[PDB]
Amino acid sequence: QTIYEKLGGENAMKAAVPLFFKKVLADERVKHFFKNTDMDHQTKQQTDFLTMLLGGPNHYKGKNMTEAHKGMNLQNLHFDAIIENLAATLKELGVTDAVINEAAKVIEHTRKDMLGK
């Protein structure tokens, strides 16, 4: 069983990513980083990245997490906000706390790759 399957597979991921962006783009700590972002493109990259990271098909062709956030000098409070919004998204979509934690635990390894770049 992969975390991707536990979350409900492809239709669940396609629902979760725009709901995660709806919470990110409402969060004072991080919404402004997206001011000039093409959000259709970013929906596709982020769906492909999370799907690959959580054990679904690997079709991610984007940048690595240092390149993706290069020159943003992101701080720990920004990464906490992204995790909090993904957790709130998956909870609103009916995922149990155990599965949200498994997913967060994988994503958390990316923190050192993108902070302070």
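For every residue, the number given is its place in the sequence shown, counted from 1.
Undergrad: Between 76-84 and 29-37, name whichever shows the higher mean Cα B factor according to the PDB entry.
TA: Taking the mean C-alpha B-factor of 76-84 and of 29-37, the larger value falls to 29-37.
Undergrad: Taking the C-alpha B-factors as the PDB entry records them, is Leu19 in the lowest, middle or highest third of its chain?
TA: It falls in the bottom third of the chain.
Undergrad: Sort the modelled residues of this chain by their C-alpha B factor and say whether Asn64 lands in the lowest, middle or highest third.
TA: CA B-factor rank for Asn64: middle third.
Undergrad: Test of reading the entry: by CA B factor among the chain's modelled residues, which third contains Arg111?
TA: Lowest third.
Undergrad: With respect to C-alpha B-factor, does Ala12 fall in the lowest, middle or highest third of the chain as deposited?
TA: Middle third by C-alpha B-factor.
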